[PDB]
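Quick setup: one chain, the form deposited in one PDB entry, written in structure tokens, and binding and motion questions come after.
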């Protein structure tokens, strides 16, 4: 029965470069979580300084459609990042299995995605690698984007990459690719090999099928521009007609984090029952430490 801290490990769900992701169950609350495991003996002191800077950024991202950090466990040899588990898997695999989303469903998911990316851009964080593997779905079909703020070597894509491949314009291109997959069920640029795929991206031409509206085609043009300076801004794309159809009283606007309630006495009483003292509870919550206590508090809610 392998444990990591207060977590029971169940199975691997992702791997790449220097990272591995496992599904686990929190022993104290029974809640499923995803645990990214990074072997620090696999890194140079430059890479470790990088990892720490990027963990710090992860701690400032608090958005309902961004995979949330619950707890950090660090030993001499390993860094464990305990984060939200998205039981639905990749959006891309859901589209392959079930075909395009109709524009209503696609609009609802794309509003979540634009909100998450704009919220990060507002904090001067660019993803740089939005792709199939990090657009995930939770049990209620809400989007959860993984790996914001993380360099590639700590994560587990030619079809999504802007032609000029570090600023937000790079994400805006990817968002256009993503939008096209949601409404069509297919990628806008493909090829028989990577050389042909690259050539199609640089040509910038993609097919508008019979079922896609003018308003949807017009929206795509704000993202999928070869010149990065002529790409729309996310604060600008937020006012687009397609984006807000059926949201006439509810225009998409930059997300504002809620105030964190760290004073829920029911959850604090539960955690005293678990064996934590009132004083370590109060300190961990007030300092927002991403430790075994703050994780339990969040998982209790």
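Numbering follows the first chain given and starts at 1. The term rigid core refers to the most C-alpha atoms you can superpose between the two forms while keeping them within 1.5 Å.
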Residue 156 to residue 157: deposited residues without atomic coordinates = 4 to 9
task = Going by the record, give me the number of deposited-sequence residues missing between residue 208 and residue 209 as none, 1 to 3, 4 to 9, or 10 or more.
result = none
key: Between the two ranges 193 to 201 and 139 to 147, the one averaging a larger CA B factor in the entry   = 193 to 201
key: Greater mean Cα temperature factor according to the PDB record, 269 to 277 or 39 to 47   = 39 to 47
ask   = When you compare the CA B-factors of 227, 174, 181, 134 as listed in the entry, which one comes out on top?
value = 227
message = Can you tell me which of 165, 212, 83, 116 has the maximum CA B-factor listed in the PDB entry?
response = 165
remark   = For residue 152, the third of its chain by CA B-factor is the highest
inquiry  = Per the entry's values, where does residue 96 land by CA temperature factor relative to the rest of its chain, in the lowest, middle or highest third?
reply    = highest
message = Sorting by Cα B-factor within the chain, modelled residues only, which third would residue 247 end up in: lowest, middle or highest?
response = highest
Chain-wide C-alpha B factor ranking for residue 25, given as lowest, middle or highest third = lowest
ask   = Lowest, middle or highest third: where is residue 19 by C-alpha B factor in its chain?
value = highest
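Keep in mind that the form deposited in another entry is not shown, yet the notes after this line are about it.
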request  = After fitting the rigid core, tell me which of 121, 100, 111, 198 has its Cα displaced by at least 2 Å between the shown form and the other one.
outcome  = 198
C-alpha of residue 17 moved at least 2 Å between the shown form and the other one on rigid core = yes
